[PDB]
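Engineer:
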Amino acid sequence: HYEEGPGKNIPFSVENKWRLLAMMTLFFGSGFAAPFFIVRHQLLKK
Amino acid sequence: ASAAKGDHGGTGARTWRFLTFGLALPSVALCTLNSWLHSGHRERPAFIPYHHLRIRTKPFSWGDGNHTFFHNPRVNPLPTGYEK
Amino acid sequence: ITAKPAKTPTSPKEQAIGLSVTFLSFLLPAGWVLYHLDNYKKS
Amino acid sequence: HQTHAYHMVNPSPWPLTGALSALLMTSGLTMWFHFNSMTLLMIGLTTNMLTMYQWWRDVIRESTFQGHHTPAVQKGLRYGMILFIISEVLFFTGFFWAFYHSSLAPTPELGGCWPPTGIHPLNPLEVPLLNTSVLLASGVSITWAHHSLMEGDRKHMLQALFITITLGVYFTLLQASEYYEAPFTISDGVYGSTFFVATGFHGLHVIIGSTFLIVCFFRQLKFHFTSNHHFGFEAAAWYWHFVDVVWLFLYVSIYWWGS
Amino acid sequence: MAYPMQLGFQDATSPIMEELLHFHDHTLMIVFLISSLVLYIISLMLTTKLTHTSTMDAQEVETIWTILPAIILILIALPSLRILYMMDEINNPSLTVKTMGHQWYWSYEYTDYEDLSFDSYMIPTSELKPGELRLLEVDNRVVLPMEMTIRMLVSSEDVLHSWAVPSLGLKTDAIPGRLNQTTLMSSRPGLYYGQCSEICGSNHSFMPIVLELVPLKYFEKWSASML
Amino acid sequence: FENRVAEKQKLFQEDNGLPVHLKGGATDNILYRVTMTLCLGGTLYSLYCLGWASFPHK
Amino acid sequence: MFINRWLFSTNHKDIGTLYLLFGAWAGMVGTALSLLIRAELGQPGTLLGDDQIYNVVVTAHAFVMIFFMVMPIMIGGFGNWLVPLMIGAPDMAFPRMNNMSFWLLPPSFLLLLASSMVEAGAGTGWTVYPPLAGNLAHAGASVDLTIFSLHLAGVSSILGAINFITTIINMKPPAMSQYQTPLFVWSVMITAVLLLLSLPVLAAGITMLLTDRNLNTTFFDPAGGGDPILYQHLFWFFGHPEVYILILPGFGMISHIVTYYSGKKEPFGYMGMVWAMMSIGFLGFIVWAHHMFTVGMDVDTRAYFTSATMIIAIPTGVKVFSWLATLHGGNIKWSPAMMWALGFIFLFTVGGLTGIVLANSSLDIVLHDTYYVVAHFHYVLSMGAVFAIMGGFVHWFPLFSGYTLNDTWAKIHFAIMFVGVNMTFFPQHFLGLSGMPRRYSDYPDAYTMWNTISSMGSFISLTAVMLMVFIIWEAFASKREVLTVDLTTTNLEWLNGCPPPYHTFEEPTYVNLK
Amino acid sequence: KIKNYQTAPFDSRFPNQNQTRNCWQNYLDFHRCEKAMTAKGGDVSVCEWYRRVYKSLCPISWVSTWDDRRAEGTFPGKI
Amino acid sequence: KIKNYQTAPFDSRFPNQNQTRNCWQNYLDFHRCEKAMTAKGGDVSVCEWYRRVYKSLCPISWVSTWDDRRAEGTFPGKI
Ligand SMILES: CCCCCCCCCCCCCCCCCC(=O)OCC(COC(=O)CCCCCCCCCCCCCCCCC)OC(=O)CCCCCCCCCCCCCCCCC
Ligand code: HEA
Ligand code: HEA
Ligand SMILES: CCCCC/C=C\C/C=C\C/C=C\C/C=C\CCCC(=O)O[C@H](COC(=O)CCCCCCCCCCCCCCCCC)COP(=O)(O)OCCN
Ligand SMILES: CCCCC/C=C/C/C=C/CCCCCCCC(=O)O[C@H](COC(=O)CCCCCCCCCCCCCCC)COP(=O)(O)OCC[N+](C)(C)C
Ligand SMILES: CCCCCC/C=C/CCCCCCCCCC(=O)O[C@H](COC(=O)CCCCCCCCCCCCCCC)COP(=O)(O)OC[C@@H](O)CO
Ligand SMILES: CCCCCC/C=C/CCCCCCCCCC(=O)O[C@H](COC(=O)CCCCCCCCCCCCCCC)COP(=O)(O)OC[C@@H](O)CO
Ligand SMILES: CCCCCC/C=C\CCCCCCCCCC(=O)O[C@H](COC(=O)CCCCCCCCCCCCCCC)COP(=O)(O)OC[C@@H](O)CO
Ligand SMILES: CCCCCCCCCCO[C@@H]1O[C@H](CO)[C@@H](O[C@H]2O[C@H](CO)[C@@H](O)[C@H](O)[C@H]2O)[C@H](O)[C@H]1O
Ligand SMILES: CCCCCCCCCCO[C@@H]1O[C@H](CO)[C@@H](O[C@H]2O[C@H](CO)[C@@H](O)[C@H](O)[C@H]2O)[C@H](O)[C@H]1O
Ligand SMILES: CCCCCCCCCCO[C@@H]1O[C@H](CO)[C@@H](O[C@H]2O[C@H](CO)[C@@H](O)[C@H](O)[C@H]2O)[C@H](O)[C@H]1O
Ligand SMILES: C[C@H](CCC(=O)O)[C@H]1CC[C@H]2[C@@H]3[C@H](O)C[C@@H]4C[C@H](O)CC[C@]4(C)[C@H]3C[C@H](O)[C@]12C
Ligand SMILES: C[C@H](CCC(=O)O)[C@H]1CC[C@H]2[C@@H]3[C@H](O)C[C@@H]4C[C@H](O)CC[C@]4(C)[C@H]3C[C@H](O)[C@]12C
Ligand code: CUA
Ligand SMILES: [Cu+2]
Ligand SMILES: [Mg+2]
Ligand code: NA
Ligand code: NA
């Protein structure tokens with residue numbers, strides 16, 4: 002069986018709040034950054 | 001309604017087999033006969049390069065780009081007409 | 001709702017850290033791209 | 003341990019392989035249309051077939067071999083199949099709409115008439131009528147199969163189902179020959195567009211339906227169905243009647259009224 | 001044309017656009033009243049310590065909030081449709097002008113008598129004469145007689161466009177293979193501006209419409225100088 | 001043919017902890033690894049193709 | 001174990017969590033796109049490029065917000081978490097197919113990102129109208145990748161609709177009639193029926209566009225006798241139902257939130273709320289051509305569509321007044337979720353009312369394809385759909401996670417967001433009335449002041465989004481574990497604790513018939 | 007004769023916003039009439055109304071394309 | 007042109023035993039043509055082929071009734 006309870010029903014760890022801050026920052030930041038980098042790619046192509 | 005016949009005394013496998021062999025497959029046999037008679041190649045019509053036909057806005061992704069998928073040389077002209 | 005007290009309470013200093021890191025992770029990469037817009041348009 | 007009648011399914015890889023197969027088929031079509039290569043598309047088609055094979059294999063394992071299809075579970079699958087057929091009806095409705103839109107208001111490029119100038123339609127009294135008798139006949143023979151199964155008659159169930167499949171194959175071969183013989187093509191304007199995309203998606207559903215009946219045929223040979231429990235057969239018959247009804251609408255609309 | 005800090009419609013230049021302003025005034029009053037009533041009632045529900053939490057009967061009050069909105073809708077629909085149908089009224093134009101959209105400019109055809117046609121391109125910001133309007137001026141304006149019923153026919157030679165002139169109440173899509181008709185009638189001389197109103201690619205923002213409304217005698221002099 | 005459903009019922013109800021998609025035995029693992037290898041490899045390949053198509057190719 | 005649990009799931013709660021994560025990430029993408037839009041328009045002139053790159057951003061903004069943020073959150077996330085709990089069911093009807101509805105969405109999103117990376121992107125508008133979207137004006141793979149992206153998203157939602165309808169009809173306790181199920185469950189069922197019927201028509205339309213682009217069909221090409229306006233009919237036959245799909249689960253969550261924080265055991269006028277949602281769903285299929293009042297349709301057709309569109313105000317107004325009547329007499333708890341719901345009620349009403357302005361085909365000549373439309377739909381989407389999402393997220397986060405948020409921070413977040421969205425979209429009414437077109441990268445000078453204010457508002461909303469991420473972090477960082485929740489007697493989804501066990505209702509509830 | 011032509015009058019056959027068929031019909035009518043006056047003992051001046059109406063209503067590029075296709079033998083309408 | 011007219015030729019539009027519509031159509035065409043010609047001051051001689059075909063095909067009493075109804079203002083076909 003699987004682990005149950007607060008912090009165990011999620012595909013990411015909340016054991017260490019600073020490791021968590023890094024994960025959430027890469028997660029949400031990567032989604033927010035992508036359109037900026039796609040626009041850059043298109044402006045750089047020609 | 002509109003046809004005829006007249007069972008419905010109790011539906012079952014025997015009745016549907018009766019319909020299969022006594023009405024449905026005979027129908028198919030008759031239409032197969034009818035189709036086997038009115039076959040035979042019609043004369044193909046003069047090519048006219050109508051602009052609403054033989055559309056080519058992008059080449060097809062097979063062959064030389066200019067043949068439809070089930071191209072029949074006898075009856076399907078290219079944009080430039082029938083092939084040799 | 002009622003809750004137990006925080007198992008690992010997050011002090012005001014800790015919150016200022018997480019909040020700044022969070023804001024920075026949005027602002028810096030986009031800022032970098034936007035700052036360099038001119039350096040892309042002439043290419 | 004549960005005291006409800008519903009099915010808790012084992013964790014399964016097939017949702018993920020099916021999702022990825024869709025990625026590979028669509029990126030594959032993109033690569034074929036624009037970068038002159040079939041590789042990705044071939045991979046996606048293969049992983050799609052593998053996914054469907056293993057997924058429906060498991061459903062058979064869960065039901066015939068493990069007993070998980072209680073009446074409640076079967077009632078859910080009945081709803082799911084009906085809803086699925088409804089979504090397929092509405093898919094076809096879009097292509098009928100396109101057909102009537104174009105044919106009821108033919109534009110000047112056509113000659114302002116329907117069929118368009120230069121279009122010579124098939125005779126609907128020839129192979130299209132034969133096709134109609136073929137699929138109507140298969141609706142009679144699948145109904146015989148259904149009653150034979152319910153009456154516990156293995157031999158006649160198999161015979162009737164075999165006849166049904168044979169008629170579905172006959173339709174498919176007749177339609178392939180009509181496609182080759184047609185003097186107009188998918189590129190012949192909106193007449194060719196509506197004709198081949200609508201009957202082509204119908205033809206695909208005939209092949210899907212026949213494949214499903216063929217699965218049922220081999221499961222019947224292996225004694226999977228009981229006289230009362232046989233939802234794969236019921237679902238394939240409903241799907242087959244759907245395919246037959248879509249054909250009738252095609253025949254009246256595109257072949258007959260549209261000629 | 002629009003002016004800085006404008007809140008509402010451009011001033012009406014045709015009788016139909018005046019009708020629309022009066023109709024919008026009517027409808028916006030209703031919008032303000034309903035939005036404000038909802039805001040008020042929210043604040044009213046939230047500002048008492050009195051309670052009533054048992055089951056409330058709903059039948060009586062739902063008659064009110066179905067019949068009242070139904071009446072309000074009818075009081076909007078009635079003037080709306082009247083204007084709709086008056087726009088469609090047979091008017092017998094004295095002049096027909098065609099416009100064809102392209103990527104990214106408009107062409108005009110005046111072919112009632114002579115075969116006059118021309119293209120109409122935005123003036124680039126770098127070529128504007130002083131005091132002319134950024135993104136709005138064109139090199140060749142749609143010269144038209146004022147105080148006369150004009151049939152505009154609209155189509156396209158490539159992708160969708162849409163031919164709009166807000167102060168006359170005009171917006172007609174420009175669809176290849178299709179000839180769309182609208183009617184144009186200016187109460188006043190002047191210059192009246194519009195912009196392409198269906199996304200049509202790279203320079204959608206930069207293919208404006210400029211009508212130049214002049215007295216009939218001047219329009220006739222202009223047509224004659226095109227020979 | 002003869003009715004061997006009971007043998008399959010015994011096979012697929014065996015308490016061996018296997019999930020249904022592997023409970024058939026070793027052939028299931030093979031078919032699964034083929035399927036998953038093609039899906040993951042094809043996906044990587046599709047990513048490579050995106051990389052290729054994202055830039056002008058002379 | 002990790003792969004089994006999170007890639008091979010057959011669990012409605014875990015799949016709901018996957019959808020909430022996916023949709024939160026998509027929301028970041030769609031926010032970034034919205035900021036690029038408003039940066040381009042934030043001062044007159046050109047920032048990025050011409051209308052192509054601009055409208056690739058516009059087009060992507062819309063698809064991401066609709067298909068990857070709202071629908072996955074509302075239906076995939078809250079639907080999968082809450083629907084089985086609210087009816088005492090042990091999972092969804094098709095728990096394995098449920099997982100494929102989820103896993104189709106990362107490939108769908110991948111196809112959309114690919115469309116914007118190859119060639120010059122799909123700068124078509126989310127409507128993807130031909131001929132601009134065809135193979136001459138948009139040669140190359142971008143539009144095809146966009147079509148395939150929609151195909152995958154469509155299959156995901158069609159199969160999810162089948163799952164939800166089946167679950168809701170078939171898996172209630174035997175004593176529970178449909179008129180004893182909670183309004184959120186109703187709202188999901190009706191949304192699912194709308195998806196089931198509308199998405200296949202979109203699929204037909206975009207497949208015809210695909211074949212016009214690649215197989216030399218001419219459904220939409222006058223040269224072959226086709227018609228660009230047929231595509232519009234097929235698209236909007238789906239696209240008007242689609243906006244009701246976007247709001248109906250929000251209506252259902254608002255009903256639960258307003259009831260809960262009013263201290264009530266039930267919403268006012270339950271059967272009226274069911275009637276109104278079913279009426280909205282039905283009327284939502286017979287109005288689509290109000291998106292085509294300037295294409296040149298006959299006047300009688302425009303008169304019909306004007307009138308039929310306005311009818312929807314009547315059931316919608318029943319729901320608004322019934323939420324108000326739920327507040328009435330309540331012991332009001334001014335929780336953050338309640339604030340979101342109250343903002344929903346007012347701001348959704350404003351957007352609905354400008355929808356009724358637009359319903360008038362005569363006035364819509366002047367307002368069509370202007371920012372007045374943009375203002376209408378962002379009031380119902382950015383301040384309706386999104387406010388319902390935020391209210392549901394703050395309300396149910398302790399159930400899904402086991403942890404409480406900091407309410408003061410959540411109230412701050414609400415306040416910032418409220419200012420930002422209104423500053424962004426209220427001036428867009430003026431821009432539309434005075435004639436600013438949609439899908440423009442730059443505007444005549446007169447329009448500068450309101451575009452400037454609107455762009456400044458978009459930055460305030462960005463600050464709220466960043467703050468939201470911090471707030472979620474702080475709750476998982478501090479780990480305040482839930483003890484007790486009030487009103488469980490009328491909110492069944494809470495009664496198995498927070499978070500509920502992996503398997504719930506293994507022994508079903510007991511409900512007798514009498 | 008019966009002239010004073012300013013522009014095409016309202017035509018109850020074509021009362022809606024889509025005027026495509028009105029342009030097409032007068033183009034056809036003119037060329038049908040013109041063909042009839044040439045193959046017989048008559049003169050094209052009788053065809054003049056249709057000429058004016060279609061010249062007024064029809065986009066120059068439609069006329070030009072239709073003319074080219076009549077010359078080519080690919081005009082799909084019957085004349 | 008085609009003189010030495012003997013009788014009405016086969017007409018693919020009316021290939022069946024029922025020829026009512028053939029008589030009717032040529033009767034309409036002739037009188038339509040004659041109205042167009044007489045108005046614009048042309049020559050009705052170009053209408054002659056329709057005149058010969060309808061006189062060959064149509065019963066005398068039909069033509070006579072139709073003529074009477076045209077003169078009365080009760081002819082239900084469009085001329
Ligand atoms: C409504 C959503 C909340 C919005 C919050 C932000 C906006 C403030 C609330 C806004 C204050 C409420 C009253 C609306 C003010 C509009 C100004 C106006 O004169 O409107 C004029 C018309 C066109 O009219 C004309 O032809 C101009 C003739 C008169 C011009 C006189 C010149 C000087 C007047 C000064 C006015 C400057 C306005 C600048 C305004 C600059 C805004 C940034 O424009 C329009 O239709 C725009 C309206 C679109 C339809 C939506 C209405 C829904 C909101 C009503 C409930 C609000 C409750 C309180 C509000 C409660 C909030 C909780
Ligand atoms: C959540 C999304 C959502 C919702 C719910 C709605 C709801 C409505 N929408 Fe809209 N709409 C969009 C999203 C939405 N819309 C989108 C995305 C577009 C643009 C597509 C594009 O072009 O890209 C659009 C475009 C759009 C147009 C086309 C405008 C144009 O392009 O020119 C029209 C026209 O009729 C319209 C009307 C309406 C109406 C009448 C409603 C009604 O359902 C509103 C009913 C609600 C009320 C009326 C308020 C509550 C009622 C009361 C308090 C009772 C009293 C009220 C009265 C008596 C009036 N919408
Ligand atoms: C749901 C739909 C949605 C939403 C939410 C938004 C949000 C925003 N939109 Fe959107 N927009 C559209 C749908 C949406 N839009 C559509 C359909 C179009 C038309 C496209 C076309 O013309 O083809 C459009 C067009 C459009 C334009 C017009 C472009 C033009 O005509 O050129 C503009 C311009 O300002 C704009 C701006 C914004 C802004 C500033 C926001 C901001 O308010 C966004 C701010 C941030 C949020 C609302 C939060 C984001 C959400 C989350 C982070 C979820 C968090 C997750 C959990 C809690 C689990 N949009
Ligand atoms: C019974 C006999 C017929 C059986 C069916 C045959 C195949 C149909 C397959 C699916 C139909 C779907 C796509 C329809 C595309 C057109 C195929 C129409 C059927 C067909 O086969 O049409 C042929 C053209 O095929 C062509 O272009 C090339 C076709 C191959 C490429 C197809 C690529 C497009 C795939 C798009 C799929 C979209 C799926 C969307 C699902 C979304 C669900 C929500 C016609 O041949 P022709 O030479 O032009 O004229 C005959 C002249 N002698
Ligand atoms: C554009 C359209 C705009 C539309 C605007 C419409 C506004 C409508 C507002 C009108 C509401 C009028 C409702 C009147 C119902 C009152 C019934 C009642 O008064 O409540 C009681 C029953 O309540 C019950 O089930 C029901 C109890 C009261 C609840 C009745 C409905 C409540 C409505 C609340 C409305 C909030 C605002 C809505 C939005 C406008 C009966 O009370 P009695 O004292 O006789 O005996 C009780 C006490 N003893 C013990 C001393 C006997
Ligand atoms: C269950 C059914 C399965 C399907 C079987 C096939 C049935 C086909 C019915 C098709 C009827 C519509 C066909 C319309 C096509 C146009 C035909 C037409 O318009 O024909 C006219 C009569 O039409 C007419 O349909 C008269 C129409 C009504 C005729 C009805 C005939 C069959 C009746 C059966 C009723 C059964 C009961 C049904 C209720 C359950 C006759 O005039 P033309 O022939 O023009 O001759 C003029 C030329 O000779 C010279 O210029
Ligand atoms: C040349 C060859 C090309 C082939 C291309 C591939 C296409 C073919 C797909 C054909 C579909 C085959 C479906 C086989 C399903 C087998 C599993 C099954 O039938 O499972 C049955 C349950 O049904 C269920 O899940 C019902 C499951 C419903 C499946 C419906 C499938 C329709 C699929 C259409 C997909 C594409 C749609 C088209 C889009 C354009 C199992 O229950 P029972 O039967 O009661 O047995 C239990 C008793 O034994 C107990 O006593
Ligand atoms: C251009 C290309 C774009 C699209 C690419 C293709 C995208 C998808 C790849 C799909 C691969 C499908 C793989 C097989 C799926 C089988 C699903 C199925 O059969 O699901 C069943 C439920 O749906 C039911 O019945 C009834 C419904 C059966 C649905 C079968 C699959 C249809 C997939 C396509 C449908 C498209 C929509 C068609 C209309 C437009 C069983 O549900 P489970 O949760 O599994 O089990 C429950 C257990 O109790 C069983 O014992
Ligand atoms: C953040 C998550 C986003 C996910 C979305 C996908 C975005 C991926 C965009 C990648 O963009 C590329 O980045 C390169 C950077 O290496 C650029 O090369 C450019 O820059 C290089 C590095 O400085 C030079 O060496 C090259 O010559 C020059 O063309 C290139 O134009 C650009 O297309
Ligand atoms: C629309 C959403 C985005 C809102 C805007 C975010 C606000 C800006 C946040 C910070 O962004 C940073 O700005 C620096 C400048 O302040 C940049 O340094 C750049 O400029 C510096 C100062 O000129 C140099 O030292 C650096 O080397 C050079 O990369 C740096 O790249 C960028 O990360
Ligand atoms: C392990 C799981 C599955 C992973 C599978 C990985 C498949 C990788 C195969 C790569 O082979 C490429 O195939 C391309 C197409 O795919 C070829 O392009 C070719 O393909 C075309 C069609 O046959 C020709 O038109 C072109 O000349 C030519 O560039 C190209 O040469 C070659 O590098
Ligand atoms: C009859 C039905 C269910 C009642 C029940 O069994 O509880 C109720 C529920 C909602 C009701 C409707 C809504 O209250 C909206 C409308 C209110 C008007 O006062 C009558 C018609 C009106 C359209 C109502 C008719 C009918 O009384 C409905 C449809
Ligand atoms: C083998 C099986 C006998 C029943 C049993 O296995 O006990 C019999 C019964 C019905 C038979 C099938 C049916 O008669 C229908 C088909 C008849 C054709 O001759 C082809 C084979 C065909 C498919 C038969 C194959 C085989 O002989 C079947 C399958
Ligand atoms: Cu032309 Cu927009
Ligand atoms: Cu709509
Ligand atoms: Mg438009
Ligand atoms: Na059965
Ligand atoms: Na700009």
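Quick mapping for you: the protein sequence lines, in order, are chains Y, T, Z, P, O, W, N, U and H.
Take any residue in the first sequence, count from 1 to its spot, add 1: that is its number in the entry's author numbering.
Numbering-wise, the entry's author numbering puts 64 at position 64 of the second sequence, and it's gapless, one number per residue.
Numbering-wise, the entry's author numbering puts 36 at position 36 of the third sequence, and it's gapless, one number per residue.
Take any residue in the fourth sequence, count from 1 to its spot, add 2: that is its number in the entry's author numbering.
Numbering-wise, the entry's author numbering puts 103 at position 103 of the fifth sequence, and it's gapless, one number per residue.
Numbering-wise, the entry's author numbering puts 42 at position 42 of the sixth sequence, and it's gapless, one number per residue.
Numbering-wise, the entry's author numbering puts 292 at position 292 of the seventh sequence, and it's gapless, one number per residue.
Take any residue in the eighth sequence, count from 1 to its spot, add 6: that is its number in the entry's author numbering.
Take any residue in the ninth sequence, count from 1 to its spot, add 6: that is its number in the entry's author numbering.
All residues carry an ideal CB built from backbone N, CA and C; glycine is no exception.
(1) Residues bridged to residue 181/O by DSSP?
(2) Between residue 44/U and chain O, is the shortest Cβ-Cβ distance under 7 Å, so that the two count as touching?
(3) Three-state secondary structure (DSSP) at residue 174/O?
(4) Counting C-beta neighbours from all protein chains within 10 Å, is the total for residue 447/N 16 or more, i.e. buried, or is it exposed?
(5) So is residue 9/U in contact with chain H if we call contact Cβ pairs under 7 Å?
(6) By the DSSP assignment, the beta strand (DSSP E) with residue 15/Y in it spans what residues?
(7) To the nearest angstrom, how far is the alpha carbon of residue 71/P from that of residue 9/P?
Structural biologist: In short, the structure shows the following:
(1) 153/O
(2) no
(3) strand
(4) buried
(5) no
(6) Looking at the DSSP string, residue 15/Y is not in any beta strand (DSSP E), and its letter there is neither H nor E.
(7) 7 Å
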